[PDB]
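In the block that follows, a single chain appears as structure tokens, in the form deposited in one PDB entry.
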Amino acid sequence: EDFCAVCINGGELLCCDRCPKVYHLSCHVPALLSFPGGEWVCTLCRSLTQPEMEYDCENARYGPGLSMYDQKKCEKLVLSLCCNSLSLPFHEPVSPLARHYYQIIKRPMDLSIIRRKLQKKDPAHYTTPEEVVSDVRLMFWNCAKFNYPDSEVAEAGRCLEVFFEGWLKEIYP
């Protein structure tokens, strides 16, 4: 591809060595703070057991938090969501000008918040994978609560939440 696997825009893109996906440094999960000089494998391709390489990311410079194992598994789940063609409406928060969204939705959630909370520096960083899964489910519950049932965004949410459940059972059997 010539466009970022996450945001579908061009520019300065990093290619994975093992799959066709390319990424902006800030769109990969975790975000990268430099362009790698040699081998580089994306979070979806990286091995859980034998990490080919550590990433130049914020959590690597920072060091009750995710174990290294759970960190990789949760980054895989979140990057899988961000790369899915149905996920784009969930990358950013709904405008407060849309139908009193923030009256209806008392606990808003989107993928940019989930990305941020995977970073240990965040005051509200995840300490368990259950918290990550809870935020993803909250996000899709909010989508179903707010959006018109017949709308394209509601249908996308219904499909993507079920794709996620499938990935979850692969990654946390």
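Numbers follow the displayed sequence, beginning with 1.
The next section is about a form of this same protein that is not shown, the form solved in complex with a partner chain.
In plain terms, the part of the chain that comes close to its partner chain in the deposited complex, with a heavy atom within 4.5 Å, is 35 to 43 out of 123 to 131, 35 to 43, 106 to 114, 64 to 72.
The candidate spot formed by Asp135, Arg158 and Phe163 is out of contact with its partner chain in the deposited complex: none of the three has a heavy atom within 4.5 Å.
The shortest heavy atom separation between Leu86 and its partner chain in the deposited complex exceeds 4.5 Å. Contact annotation for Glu1: at least one heavy atom lies within 4.5 Å of its partner chain in the deposited complex.
In the deposited complex, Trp141 stays away from its partner chain, with no heavy atom inside 4.5 Å.
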